[PDB]
Structure formats: structure tokens, C-alpha cells
Ligand SMILES: *[C@@H]1O[C@H](CO)[C@@H](O)[C@H](O)[C@H]1NC(C)=O
Ligand SMILES: *[C@@H]1O[C@H](CO)[C@@H](O)[C@H](O)[C@H]1NC(C)=O
Ligand SMILES: *[C@@H]1O[C@H](CO)[C@@H](O)[C@H](O)[C@H]1NC(C)=O
Ligand SMILES: *[C@@H]1O[C@H](CO)[C@@H](O)[C@H](O)[C@H]1NC(C)=O
Ligand SMILES: *[C@@H]1O[C@H](CO)[C@@H](O)[C@H](O)[C@H]1NC(C)=O
Ligand SMILES: *[C@@H]1O[C@H](CO)[C@@H](O)[C@H](O)[C@H]1NC(C)=O
Ligand SMILES: *[C@@H]1O[C@H](CO)[C@@H](O)[C@H](O)[C@H]1NC(C)=O
Ligand SMILES: *[C@@H]1O[C@H](CO)[C@@H](O)[C@H](O)[C@H]1NC(C)=O
Ligand SMILES: *[C@@H]1O[C@H](CO)[C@@H](O)[C@H](O)[C@H]1NC(C)=O
Ligand SMILES: *[C@@H]1O[C@H](CO)[C@@H](O)[C@H](O)[C@H]1NC(C)=O
Ligand SMILES: *[C@H]1O[C@H](CO)[C@@H](O)[C@H](O)[C@H]1NC(C)=O
Ligand SMILES: *[C@H]1O[C@H](CO)[C@@H](O)[C@H](O)[C@H]1NC(C)=O
């Protein structure tokens with residue numbers, strides 16, 4: 001019963017090359033055939049290829065032949081996936097996936113296409129943009145729109161890169177009744193999401209609202225006071 | 001029979017190489033691997049592996065007998081004798097159209113469905129003195145052996161015990177009567193050579209032949225066993241006999257694979273011992289499918305018209 005570990009998410013620029021690692025542990029390495037399955041944001045699984053490890057042979061996906069390679073280091077027990085000539089569309093979460101094959105070290109081999117063990121997934125952003133912390137802008141609580149019960153307000157993390165971004169309200173307390181939207185890619189090449197929390201108006205002016213946005217990539221942690229302005 | 005005296009050399013017979021090459025091509029259009037790896041070097045040590053991936057159709061490869069008829073400008077000469085070394089001057093030679101029907105069975109250690117020895121058990125060898133040259137045994141009475149994809153083969157403990165005797169006796173009758181004859185399992189090497197490998201239903205069986213080659217010219221092994229059961233195993237990743245390189249075949253599928261072949265001969269290979277006391281140790285051998293072909297063409301030789 002193996003556990004697959006992957007290399008870190010990498011931000012590569014167009015026309016470049018990226019190599020993602022995948023540590024295989026918990027069982028006999030050569031008894032597994034590993035497959036890389038990529039998935040672009042919003043998109044769905046796309047078979048990238050599979051390496052019949054023990055044999056050290058790997059077959060690939062038509063639309064990738066030439067620009068992709070799958071190799072395995074039996075010594076360190078790792079599998080690698082290399083894509084060269086990166087395009088923007090290559091931007092996706094590259095999954096490492098494996099399946100048991102049988103006493104392959106003994107000649108037995110099921111050569112299974114499905115994937116029983118999956119990796120945590122490694123994200124690769126292939127874009128011409130540059131790493132840059134975000135900028136949080138408070139969303140004035142609808143004081144002249146909603147009343148009587150509760151009012152909704154929030155933040156607007158705009159122009160950040162590469163990804164991803166975490167969000168919490170009031171240092172991490174008011175995480176309830178909040179709808180943090182998936183980021184969105186702007187024409188510039190940057191992303192921008194939004195976080196909101198519909199809370200009672202009678203609490204505007206005592207509980208200084210502050211969304212806590214973090215962006216490890218840029219190593220820029222931001223806090224913004226959402227005063228009922 | 002032909003009224004003339006000619007030379008024969010099964011160990012340098014050319015039909016062997018002509019059939020072998022045929023049997024290989026009889027394999028490239030019947031049993032095609034999903035992947036085939038083969039060495040590729042320029043000589044500079046470094047050796048890339050040439051990979052090939054083709055369809056892997058499950059076919060129940062069932063060998064058809066093969067005849068060998070001389071065309072024209074050519075004639076086949078057959079040797080006739082109850083005990084022919086297959087390497088020398090044959091007295092009762094005789095020209096024939098086609099050689100007897102031969103079922104190109106590819107296997108190691110045991111020769112299956114071959115041709116039995118008319119008289120008694122005969123053992124040929126390009127040089128018995130050389131502990132490197134395979135000894136081809138020829139049974140005069142075959143020993144049925146049934147293998148199944150279920151994981152094993154059954155053999156008559158009786159018949160096999162006898163056989164080892166009527167073989168062990170033909171051995172010392174060549175290396176010295178006052179010499180003890182012993183049988184041990186493979187010394188080592190590839191799975192295909194270390195076990196009794198062969199193909200059945202297109203499945204590459206690998207039967208452990210320890211119980212067949214652990215016979216001491218003293219004791220027995222029939223305590224609570226009527227039949228010998230070799231623990232066989234079907235492999236998908238195998239070393240090719242046609243050429244250095246591995247090859248992966250697709251897993252088994254037919255609800256049942258079964259074989260019932262005639263152990264018509266063996267391929268032994270005694271160990272040197274460096275002239276040590278009379279204690280010749282013979283072990284399973286083969287892996288060079290030509291010896292097989294040989295065991296069938298040992299008494300033939302095609303020749304050009306005069
Ligand atoms: C690999 O083998 C090829 C033979 O096709 C040879 O030309 C090359 O120098 C070797 N090195 C590589 C590419 O690994
Ligand atoms: C050869 O076969 C006959 C029966 O076909 C058997 O009686 C004889 O003993 C065999 N010769 C030996 C011992 O190799
Ligand atoms: C092998 O199978 C045959 C039928 O093909 C049977 O007659 C024979 O008894 C079997 N031999 C064994 C299991 O020893
Ligand atoms: C065997 O060798 C000879 C036969 O050549 C025989 O006279 C002798 O007594 C025997 N000695 C042995 C090796 O036991
Ligand atoms: C079967 O063969 C293996 C090696 O191939 C050997 O080590 C083992 O002891 C054998 N088992 C039997 C049936 O004696
Ligand atoms: C051969 O002899 C050895 C030791 O004398 C014994 O362990 C082995 O079982 C014998 N082979 C058989 C099974 O006949
Ligand atoms: C040894 O076992 C075989 C069957 O495996 C049997 O036919 C034979 O009679 C046994 N040996 C004796 C004579 O006790
Ligand atoms: C050849 O093998 C079959 C399979 O067990 C057997 O039944 C048949 O009698 C054998 N025929 C020969 C060559 O004697
Ligand atoms: C001849 O030997 C082959 C071994 O490959 C076996 O599969 C076949 O069944 C034998 N002949 C018969 C009785 O069908
Ligand atoms: C043959 O047996 C051993 C072989 O290892 C050897 O030491 C011995 O001198 C020879 N003769 C005997 C004692 O049987
Ligand atoms: C066949 O017999 C004739 C008798 O005249 C003889 O000349 C010839 O050499 C013989 N051939 C054989 C079998 O050696
Ligand atoms: C071959 O010819 C010799 C010489 O007469 C004879 O002794 C032998 O029986 C013949 N062999 C056969 C049966 O073809």
C-alpha cells in the first residue's frame with residue numbers, strides 16, 4: 001500500500017521545461033507502473049503517459065509526444081515527468097498516479113491502465129507573468145443596500161501571481177458564513193479572487209472586519225481592515 | 001537406402017540454422033510482444049535499449065508440424081542406425097524428399113513432443129569431454145507431462161525415476177562405468193534456463209524442475225507421492241530466445257490453458273569437476289533452441305545436386 005509524494009509547484013515561463021518529481025514509498029517500486037495525469041484549471045483529466053517502471057519503457061499521449069518524458073530512478077524510488085516547450089495551456093495540476101502490477105520483479109505483469117494510487121498533485125503555471133504579491137481592497141458593507149438582519153461585505157484580492165491564495169476573516173475567526181470565490185485569470189496574466197461574509201449590520205463598528213490574505217509564493221501576507229466605510 | 005558412404009555433422013548441420021531462423025519467423029507473426037527490448041551498442045560500452053511496442057493479440061499459439069523438402073538442385077540425405085552419434089561417416093544413408101513431420105517446440109531442459117529413439121536411450125554430444133557442450137539425451141520411451149496455467153505440471157514419478165536411470169546408465173556408459181552418476185538442478189542463470197521453460201497456449205510457462213533433477217545414484221523420492229508435481233509459473237516479462245533482450249506479453253485470459261506433451265528427450269550438461277573422483281554431476285541445460293532442432297535433424301543433411 002504505497003504513498004506517492006510529489007515535487008513542489010513550479011512557475012515556469014513559456015517555451016521552458018519543467019520536471020516534477022514523485023516519490024514512491026510504502027511498497028515495492030518496480031512492481032508499480034506510474035502514470036502522469038494532468039488537469040488544467042476548470043478542465044478535466046488528460047492522460048499524459050505511463051511508465052512500465054521495471055521495464056523502463058514509457059508510452060505517451062499523442063498530443064504530447066516529443067515534448068514529454070517519463071523516467072524513474074529505481075535507486076531513489078522516484079518517478080519524474082518532464083514537459084519541454086511549455087505553453088500557457090500546459091498550465092495545470094500535474095498528478096502522479098500509480099498502480100500495482102504484480103510480482104513484476106518475477107516476470108508477472110498485469111500492465112494495468114487504471115490508476116489506484118494518486119499523488120498529491122503538483123501545480124505548474126506556465127505563463128509570461130512575474131511573481132507578485134496581491135493587493136487587498138475592502139468591499140464596503142452594503143449599508144445603503146441591505147439592512148434589517150445582516151449585511152454582506154468582503155475583500156477583493158486583485159492582481160496576484162502565481163497561485164494559490166488562502167483567505168480567512170478576523171485573523172482566522174469569522175471563517176463561517178464566508179464565500180471565497182475561486183481566483184480568475186485576468187488578461188494581464190494575473191489572477192484575482194474575492195472573499196465575502198454576510199454578517200449582521202448591528203456588528204459594524206465594534207468588530208473591525210479584516211480578511212487575512214496570504215500568498216506564500218510572493219511571500220506576501222496581507223491584512224486589511226474592512227471598516228463599515 | 002542409398003548405396004554410398006557420406007559424412008554427417010548434426011553439430012554443424014546447416015538445416016538446424018535454416019529451421020531455427022524459420023521458427024523465429026514463425027514466432028514474429030504469431031506471438032508478438034506488447035514491448036520488446038534489445039541491446040543497441042556502437043561498441044563504446046554505452047548501450048541504449050531499442051524498444052518496440054506493437055499490438056499484443058492473445059493467440060493460442062499451437063505449433064503445426066513442419067516438413068522440409070529439398071527443392072531442386074538439392075537433395076536431403078537421411079542417416080539410418082539404431083545408435084547414431086550424428087557426427088561421422090554414415091553407412092546406411094538414404095535420400096529422402098521431406099524430413100519427417102517435426103513440431104517446432106521451443107523449450108528448455110526438456111524436449112517436448114520430439115522424436116523418440118528407436119532402439120534405446122541415446123545421448124549425443126559435440127564432445128562429451130567438454131563440460132561446456134550440451135549433452136542431448138534422446139529418450140526411447142517418452143514420459144507424459146501435463147502442464148496447466150493453473151500453476152503446475154504433473155509427471156509420473158515412476159516413469160521419471162526409470163528414465164533418470166536409463167539415462168544415468170547411458171551416461172556412465174560414456175564417462176566411465178566405475179563412475180557415480182548424479183543429477184542436480186540448474187547451477188544458475190536466466191529463469192528460462194534454470195527452470196523447464198516452454199510455451200503453452202501462447203503462455204510462457206516456467207516450471208521449477210528441481211524434483212526432476214535431484215537424483216542421487218543411491219536414494220529415491222516416492223514416499224507419499226504418486227506423481228511429480230512441478231510448481232510452474234507463467235511470466236509476462238521474459239528473456240527472448242530469438243535474441244538477447246526482454247519482451248513483455250499480455251496477461252493470460254482464456255478460462256483455461258492446458259498442455260499434455262511427451263518428454264521425448266532432455267538437454268543435460270555435466271559439470272567439469274576438474275578430473276575429480278568419479279562423481280559426474282549432470283544438470284538441466286538448453287536455452288539454445290538450436291540444440292532442440294538438432295535433436296530432430298541429427299540424422300539429416302541437405303546436399304547439392306550432382
Ligand atoms: C543512445 O543510442 C543511440 C543509438 O540509436 C546513440 O546514437 C546515442 O549516442 C546513445 N545515447 C543516447 C541518446 O542515450
Ligand atoms: C530403450 O527403450 C526400451 C523400451 O522401448 C527399454 O526396454 C530399454 O531399456 C531402453 N534402453 C535404455 C535402458 O536406455
Ligand atoms: C495427462 O493428461 C492425459 C490426457 O491428455 C491423461 O491421460 C494423463 O493421465 C495425464 N498425465 C498425468 C496427469 O500424469
Ligand atoms: C574402475 O576402473 C577400472 C575399469 O577401467 C576397474 O578395473 C577398476 O577396478 C575400477 N576402479 C574404480 C574407479 O573403482
Ligand atoms: C523450486 O525452484 C527454486 C529455484 O527455482 C528452488 O530454490 C526451490 O527449492 C524449488 N522448490 C522445490 C519444488 O523443491
Ligand atoms: C539427493 O540426496 C540428498 C542428500 O543425500 C537428498 O536431500 C535429496 O532429497 C536427494 N534427492 C532426491 C529427492 O531423490
Ligand atoms: C513409489 O511410489 C510410486 C508412485 O508414486 C509407486 O508406484 C511405487 O510402487 C512406490 N514404490 C514402492 C515399490 O513402494
Ligand atoms: C504424445 O503426448 C500425448 C499427450 O499426453 C500422449 O497422450 C500420446 O500418447 C503421446 N504420443 C506419443 C508420441 O507416443
Ligand atoms: C505437443 O507438445 C506441445 C508443447 O508445446 C503441447 O502443447 C501439445 O499439446 C502436444 N501435443 C498434443 C497432444 O496436443
Ligand atoms: C572423492 O571425494 C572427495 C571429493 O571432494 C575427495 O576429497 C576424496 O579424496 C575422493 N575419494 C573419496 C575419499 O571418496
Ligand atoms: C550396396 O551394395 C552394393 C553391392 O554391389 C555395394 O557396391 C555398395 O557399396 C553398397 N552400399 C552400401 C550400403 O555401402
Ligand atoms: C542398412 O544396411 C545394412 C547393411 O545390409 C543393414 O545391416 C541394416 O539393417 C540396414 N538398415 C536399415 C534397416 O535401413
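Tally the DSSP beta bridges in the protein assembly as shown and give the antiparallel ones as a percent, rounded to 5.
Approximately 95 percent, going by the DSSP bridge assignments.
Can you sort A:145, A:192 by how many other beta carbons sit within 10 Å, fewest first?
Fewest to most other Cβ atoms nearby, the residues stand as A:145, A:192.
Please give the average number of partner chain Cβ atoms lying within 10 Å of the Cβ of each residue in A:110-116, rounded to a whole number.
2
Between the stretch B:27-51 and the stretch A:74-151, how far is it from one alpha carbon centroid to the other, in angstrom?
36 Å
For chain B, what relative contact order do you get, as a whole percent, if you take Cα pairs closer than 8 Å and at least 6 residues apart?
Once normalised by length, the contact order is 28 percent.
What 222 nm value per residue comes from the helices of chain B, counting each DSSP H run with n ≥ 4 as -39,500 (n - 2.57) and dividing by all residues, nearest 500 deg cm²/dmol?
Calculated mean residue ellipticity at 222 nm is -4500 deg cm²/dmol.
Select from A:119, A:49, A:149 the residue whose mean-square fluctuation is largest in a Gaussian network model of chain A (Cα-Cα springs shorter than 10 Å).
Most flexible of the set in this elastic network: A:149.
Could you work out the mean count of beta carbons from other protein chains within 10 Å of each residue's beta carbon in B:31-39?
2
What shape does the stretch A:129-228 take by its C-alpha gyration tensor, where a ≥ b ≥ c are the square roots of the eigenvalues and a/c under 1.5 counts as rounded, a/b above b/c as prolate, and the rest as oblate?
prolate
Contact order normalised by length for chain A, with contacts defined as Cα pairs under 8 Å and 6 or more residues apart; what percent is it?
Computed value for chain A: 18 percent relative contact order.
Based on the mean of other beta carbon atoms within 10 Å per residue, what is the order of B:108-115, B:189-196, most packed first?
Top to bottom by mean Cβ count within 10 Å: B:108-115, B:189-196.
In what order do B:103, B:219 fall by count of nearby beta-carbon atoms within 10 Å, going from fewest to most?
B:219, B:103
Place the peptides B:47-57, B:10-20 in order of packing, highest mean first, counting for every residue the other Cβ atoms within 10 Å and averaging per peptide.
Put in order of decreasing packing, that is B:10-20, B:47-57.
Go ahead and run the numbers for FRET between residue B:41 and residue B:304, Cβ-Cβ distance against an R0 of 35 Å, rounding to 0.05.
Efficiency at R0 = 35 Å is approximately 0.40.
Need the C-alpha centroid separation for the stretch A:10-73 versus the stretch B:161-237, integer Å.
45 Å
When Cβ neighbours within 10 Å are restricted to other protein chains, what is their mean count per residue of peptide B:233-246?
3
Specify the residue with the greatest mean-square fluctuation among A:161, A:95, A:181, computed from a Gaussian network of chain A linking alpha-carbon atoms under 10 Å apart.
Of the options given, A:181 has the highest mean-square fluctuation.
Can you give me the distance in nm between label points at residue A:67 and residue A:114, each placed 7 Å from the Cα along the Cα-to-Cβ direction?
3.1 nm
Using 1/(1 + (r/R0)^6) with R0 = 35 angstrom and r between the beta carbons of residue B:14 and residue B:222, what's the FRET efficiency to the nearest 0.05?
0.20
Throughout, read-outs are computed from the coordinates displayed, never taken from laboratory work. Reconstructed Cβ throughout: ideal geometry from the backbone, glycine too, with neighbour counts over all protein chains shown.
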